[PDB]
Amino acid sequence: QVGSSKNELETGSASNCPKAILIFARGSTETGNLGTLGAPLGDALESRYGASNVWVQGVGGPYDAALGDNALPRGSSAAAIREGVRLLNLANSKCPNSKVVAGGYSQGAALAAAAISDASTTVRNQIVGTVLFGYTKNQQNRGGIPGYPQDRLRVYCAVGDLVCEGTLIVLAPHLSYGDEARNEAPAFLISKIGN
């Protein structure tokens, strides 16, 4: 087995920008750059618009999804958060007229939150919608992304997912977001991108 990965923002032509670009950060120990939730989420967007009209991009490079990095400031390493910021800035520099949507699972939700907070006011305006699954900073950020408007966010925190409740206790409900990745989350992102 090889982890599910997509790198379409990095490989795409700047002369052929898509309607939408998804940047997604996986959860700790997951393989590839999309993990378990990123691939179904990108597939749902590509089913809606067509695969040529969405660029799906996972967060990799120095983001190694390491278990220890959940204990760091903001819930991931500074280098992993910087990698999110590099991809958001790449989306903006290559394809400024494309709609960006962001997502993350678990540590990846913390990475996504921090990288969106760190991005410019113009980049945040380009990110029309964000979905967080099992958000490890839900309690500490009071259900939001600092500096990002609530209408553009959905947080999926399962009943009994204690990572949403200021701990790092990972129980069965933390593994229950496959349906939101397939259904509610792409439906929400689609509403913000437009038809």
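One-based numbering along the sequence shown.
Between 63-71 and 147-155, the higher mean Cα B-factor belongs to 63-71.
For the pair 27-35 and 156-164, the mean Cα B-factor is higher in 27-35.
Of all the options 98, 121, 76, 106, the entry's greatest CA B-factor is assigned to 121. Per the PDB record, residue ranking by Cα B-factor puts residue 139 in the middle third of the chain. When the CA B factors of the chain's modelled residues are split into thirds, the value for residue 20 lands in the middle one. In the deposited entry, the Cα temperature factor of residue 52 sits in the top third of values across the chain's modelled residues. Looking at the C-alpha B-factors along this chain, the one for residue 181 belongs to the lowest third.
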